[PDB]
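K.L.:
experimental structure and sequence below.
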Amino acid sequence: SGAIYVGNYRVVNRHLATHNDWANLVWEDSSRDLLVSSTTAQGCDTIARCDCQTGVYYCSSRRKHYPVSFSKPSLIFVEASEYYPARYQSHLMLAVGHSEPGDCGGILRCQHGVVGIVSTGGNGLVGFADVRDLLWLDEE
Ligand SMILES: Cn1nc(C(=O)NCC(F)(F)c2ccccn2)c2ccccc21
Ligand SMILES: [Zn+2]
């Protein structure tokens, strides 16, 4: 589990969105596994605006932050899970690292701020949903 809290937005994995998220919806994209809901309180996370390919992610199944090298956001065939069929997930970045399904929502960050959230993994890979192109997270 886990979210990004930027301004009056909450950024979660679409597959982990709550009823309250859906009832307060700003934007959702199944192909990206992203959903954004509105919040009453202002958040403290800042979004990175950059093409960093190194950073650090949180792994809940190890209670550890790991430094990683990751690919640029791409279209990647990801295997079926209990939440999606085997499909092309867009704006996805891959790294070598430990993940389990419940690690979804852990933050990936670089020197500039938050880069994305855990979305996929297995066999010593972890996939992150990028948010650096969502410039509207920084306004209104
Ligand atoms: C970090 N992590 N996430 C998953 C996972 O099932 N992801 C859920 C999901 F986003 F809906 C998904 C994404 C893409 C395709 C199908 N389902 C996983 C599985 C094994 C080991 C690590 C893992
Ligand atoms: Zn950066």
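P.N.:
Looks like it arrived, so ask away. Numbers count the residues shown, from 1 in each chain. Ligands and ions are numbered 1, 2, ... in the order given.
K.L.:
around ligand 1, which positions in the chain sit nearby?
P.N.:
15, 33, 78, 80-81, 83-84, 89, 99-101, 103-104, 118-122, 126 (Cβ under 6 Å from any ligand atom). For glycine as for every other residue, the C-beta is placed from the backbone atoms N, C-alpha and C.
K.L.:
just the buried members of those?
P.N.:
33, 78, 84, 89, 99, 103-104, 118-121, 126 (16 or more other Cβ atoms under 10 Å).
K.L.:
using CSV, lay out the residues you listed together with secondary structure.
P.N.:
Below are these laid out as CSV (DSSP: H, G, I helix; E, B strand; the rest coil):
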residue, secondary structure
33, coil
78, strand
84, coil
89, strand
99, coil
103, helix
104, coil
118, strand
119, strand
120, strand
121, strand
126, strand
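K.L.:
so what does residue 44 look like in phi/psi?
P.N.:
As for residue 44, its main-chain torsions (degrees, to the nearest 10) stand at phi -110, psi -10.
K.L.:
nearest residue to it other than its sequence neighbours?
P.N.:
Once flanking residues are discounted, residue 44 sits nearest to residue 5: 6.4 Å by Cβ to Cβ, 6 or more residues apart in numbering.
K.L.:
and the residue nearest the centre of the chain, what does it touch?
P.N.:
The residue lying closest to the centre of the chain (Cα atoms, centre = their mean) is residue 117, at 2.1 Å. Applying Cβ atoms under 8 Å, 6 or more residues apart in numbering to residue 117 gives the contacts 2-4, 11-13, 104-108, 128-129, 131.
K.L.:
repeat that for residue 20.
P.N.:
Counting by Cβ under 8 Å, 6+ apart, residue 20 touches residue 37.
K.L.:
residue 59 too?
P.N.:
65-66, 97-99, 103, 106, 118, 126.
K.L.:
one more pass at 10 Å, please.
P.N.:
Taking Cβ atoms under 10 Å, 6 or more residues apart in numbering, we find residue 59 in contact with 65-66, 97-100, 103, 106, 118, 121, 126.
K.L.:
against ligand 2, which of those make the cut? List them.
P.N.:
Among the contacts of residue 59, no residue lies close to ligand 2 (Cβ under 5 Å from the ion).
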